[PDB]
Amino acid sequence: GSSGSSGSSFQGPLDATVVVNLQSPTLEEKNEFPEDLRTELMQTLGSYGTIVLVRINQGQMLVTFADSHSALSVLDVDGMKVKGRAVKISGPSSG
């Protein structure tokens with residue numbers, strides 16, 4: 001297996017930011033992320049780690065955390081659904 005190697009991974013932006021999007025958003029969402037969802041998300045996603053900053057875009061949701069690993073998890077568990085709505089998190093990183 002790969003326990004040691006895995007353990008010592010160390011790889012992530014000090015920023016710890018990620019973009020959140022909805023799979024099947026409605027007019028309300030298509031217009032701008034809802035508050036009933038935001039909080040739920042901010043409080044939800046936050047759980048995994050710690051919300052240190054957040055920025056909702058006309059049609060996006062750049063959430064920031066304290067640690068990077070957290071993002072990974074949130075990126076893995078992303079598959080999860082909020083308010084019966086499928087969420088999709090991406091990596092706002094590209095050089």
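Per PDB author numbering, numbering of the sequence shown is gapless, rising by one per residue and ending at 95.
Beta carbons are placed, not taken as given, at the ideal position from N, Cα and C, and that holds for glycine.
Whose C-beta lies closer than 6 Å to the C-beta of residue i among residues of the same chain, with five residues either side of it excluded?
i, result
"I51", "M42"
"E29", "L22"
"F33", "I56, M61"
"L75", "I89"
Does DSSP put residue i in a helix, a strand or coil?
i, result
"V52", "coil"
"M61", "strand"
"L27", "helix"
"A86", "strand"
Since residue i and residue j should fall inside the 8 Å C-beta cutoff, what is the C-beta to C-beta distance between them, to a whole number of angstroms?
i, j, result
"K88", "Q11", "Going by Cβ atoms, the distance from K88 to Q11 rounds to 22 Å, so no, they are not a contact pair."
"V18", "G95", "17 Å between Cβ atoms; not a contact."
"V54", "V63", "5 Å"
Please return the same chain residues whose Cβ sits closer than 8 Å to the Cβ of residue i, not counting the five positions on each side in sequence.
i, result
"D67", "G12, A16, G49, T50"
"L72", "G12"
"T26", "none"
Please work out which residues of its chain come closer than 7 Å, Cβ to Cβ, to residue i, disregarding the five sequence neighbours upstream and downstream, and give them in chain order.
i, result
"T44", "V82"
"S93", "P13"
Per DSSP, what are the beta-bridge partners of residue i in this structure?
i, result
"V20", "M61, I89"
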